[PDB]
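Chains as they are written, first to last, in the deposited numbering: chain B, 3 to 59; chain A, 90 to 146, 151 to 345.
Shown next, in structure tokens, is the structure this report addresses.
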Amino acid sequence: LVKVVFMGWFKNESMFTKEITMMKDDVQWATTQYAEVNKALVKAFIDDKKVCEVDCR
Amino acid sequence: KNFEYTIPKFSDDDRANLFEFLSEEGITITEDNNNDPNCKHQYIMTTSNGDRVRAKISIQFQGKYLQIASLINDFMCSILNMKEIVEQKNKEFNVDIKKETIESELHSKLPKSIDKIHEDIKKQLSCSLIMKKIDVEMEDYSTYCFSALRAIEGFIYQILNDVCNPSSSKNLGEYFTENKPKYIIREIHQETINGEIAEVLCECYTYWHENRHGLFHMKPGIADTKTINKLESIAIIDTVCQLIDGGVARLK
């Protein structure tokens, strides 16, 4: 159970950001969802380090 | 589309080779030349379509297409051990839990569906039900939804998988099409699906898709720190089990 920050970039180079506290094992899936929903590239950081990335643009 | 996933720990061999079989059905894996060398092995994971992937080293994948992505994920759920979590929480929390308790809660939740659904699903649902056990109030409950959503998602496959057994192993959207109320099966599949099965599928999909959409849609230009309320989460967890339990009964 950790705090995660998600960072996303839309096709147009706009940006979005989220902070959530959630169980670690869901992070990738979560990351996957953000990208799939928004057609975005999302990176997920825990403790300032990048644990996952997905791209759906 | 591309992705990278970096997994700390993992396999210690057992999981990795363990992991590979499943991917066995059906993708092609082959060793590849390892250059700069903190990495024991490098592999290429392949498909008829034209997928690619990587390794390895405490392991990393980078890949052309999402599809291997899913498989790797399902497995990790597979690793998933219920007993296993329990120690962690208390250590996380004062609270002490008889794991065997939950099933009571869980069984209670899916009275007619308990033994008719894949274990993988249960595990996710059981995870979501942790919330009922813990008295401490909390900042965010979203995680609980996430489990819920995951379960339902799996549930859809389980049906899909049985009803149409496809080599392709595609995605949920693929089967579904958009109508202003409940979603509907794509015309292409209506021949095969075309049921009360369909209704169950659509009832479920529709719940998943919007909640997924509600939770993960982001406004551009924003830096959300919002949190999901408890009731807010309960409605969801509870609602899902009903669909799942209800679906099984309705589809005897």
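Idealized CB from N, CA, C, for every residue including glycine.
Under three-state DSSP, which class holds A/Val229?
In the displayed model, A/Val229 falls within coil according to three-state DSSP, outside both helix and strand.
Tell me where the alpha helix (DSSP H) around A/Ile329 begins and ends.
In the DSSP assignment, A/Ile329 falls within the alpha helix (DSSP H) that extends over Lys323 to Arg343.
How about A/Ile278 and A/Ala291: do their beta carbons lie closer than 7 Å?
Taking 7 Å as the Cβ cut-off, A/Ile278 and A/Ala291 qualify as a contacting pair.
For B/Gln30, count the other beta carbons within 10 Å of its own beta carbon; 16 or more makes it buried, fewer makes it exposed. Which is it?
Buried.
Nearest-angstrom Cα separation, counted from A/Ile96 out to A/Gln160:
Approximately 18 Å, taken between the alpha carbons.
Less than 7 Å between CB atoms is the rule here; does B/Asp28 satisfy it with respect to chain A?
Proximity of B/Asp28 to chain A, defined by a Cβ-Cβ separation below 7 Å, is satisfied.
Within 8 Å, do at least three Cβ pairs link the segment 29-43 of chain B to the segment 6-18 of chain B?
In short, these stretches touch, since the Cβ pair count reaches three.
From the DSSP output, in three-state form, read off B/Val6 for me.
Here B/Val6 sits in strand by DSSP.
Would you identify the three-state DSSP class for A/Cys220, choosing helix, strand or coil?
Note: A/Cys220 maps to helix in three-state DSSP.
For A/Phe269 versus A/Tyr300, is the C-beta distance shorter than 7 Å?
It is not a contact, given that the beta carbons lie outside the stated cut-off.
If I'm right that A/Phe154 touches A/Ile172 with Cβ under 8 Å, what's the distance once you round it to whole angstroms?
So it is not a contact: roughly 16 Å between Cβ atoms.
Of all Cβ atoms in chain B, is any one closer than 7 Å to the Cβ of A/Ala316?
Chain B, which has a Cβ nearer than 7 Å to the Cβ of A/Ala316, makes this yes.
Is the CB-CB distance between A/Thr318 and A/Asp233 below 7 Å?
No Cβ-Cβ contact shorter than 7 Å links A/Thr318 with A/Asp233.
Whole-angstrom Cβ separation of A/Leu294 and A/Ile249, contact assumed at under 8 Å?
With a Cβ gap of about 6 Å, A/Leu294 and A/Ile249 count as contacting.
In chain E, which residues lie with their C-beta within 7 Å of the C-beta of A/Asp140?
Here the protein chains are B and A, and chain E is not one of them.
Below 8 Å on the Cβ atoms is my guess for A/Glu246 versus A/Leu265; work out the distance and round it to an integer in Å.
So it is a contact: roughly 7 Å between Cβ atoms.
Measuring only the C-alpha atoms, how far is B/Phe18 from A/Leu308?
B/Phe18 and A/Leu308: Cα-Cα distance of roughly 14 Å.
Determine the direct distance from the alpha carbon of A/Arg143 to that of A/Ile252, and round the result to whole angstroms.
Inter-residue distance for A/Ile252 and A/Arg143 is about 31 Å (C-alpha atoms, whole angstroms).
For A/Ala342 versus A/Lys205, is the C-beta distance shorter than 7 Å?
Result yes, Cβ atoms of A/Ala342 and A/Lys205 sit closer than 7 Å.
Is the CB of A/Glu292 under 7 Å away from at least one CB in chain B?
False, the Cβ-Cβ gap to chain B never drops below 7 Å.
I'd like to know if A/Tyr94 contacts chain B, where contact means its C-beta is closer than 7 Å to some C-beta of that chain.
With 7 Å as the cut-off, A/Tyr94 counts as an interface residue toward chain B.
7 Å Cβ cutoff, B/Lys41 in contact with chain A:
Judged by the 7 Å Cβ criterion, B/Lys41 is not in contact with chain A.
Under a Cβ-count criterion, where at least 16 other Cβ atoms within 10 Å of its own Cβ denotes burial, should B/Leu43 be classed as buried or exposed?
Buried, since its Cβ has 16 or more Cβ neighbours within 10 Å.
Contact with chain A by B/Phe47, beta-carbon distance below 7 Å:
Not one chain A Cβ lies under 7 Å of B/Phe47.
Which residues in the same chain as A/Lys157 place their Cβ atom closer than 8 Å to its Cβ, once the five residues preceding and following it in sequence are excluded?
Once the five neighbours on either side are set aside, the close Cβ partners of A/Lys157 are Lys90, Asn91, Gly139, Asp140, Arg141 and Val142.
How is A/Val142 classed by DSSP in three states: helix, strand or coil?
The DSSP-derived three-state label of A/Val142 is coil.
For A/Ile152, which residues of its own chain have a beta-carbon under 8 Å away from its beta-carbon, when the five flanking residues on both sides are left out?
Taken in chain order, the residues that qualify are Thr95, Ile96, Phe99, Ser100 and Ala105.
Can you check whether the C-beta of A/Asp233 is within less than 7 Å of a C-beta belonging to chain B?
Taking CB atoms only, A/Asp233 has a neighbour in chain B less than 7 Å away.
Under three-state DSSP, which class holds B/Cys54?
Strand at B/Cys54.
Can you check which of these residues, A/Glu120, A/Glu196 and A/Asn127, is closest to A/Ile133 by C-alpha distance?
Ranking the options by Cα distance to A/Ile133, first place goes to A/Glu120.
Leaving out the 5 sequence neighbours to the left and right, which residues in its chain are closer than 8 Å to A/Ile146 when beta-carbon positions are compared?
For A/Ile146, where only same-chain residues beyond five positions count, the Cβ hits under 8 Å are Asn127, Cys128 and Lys129.
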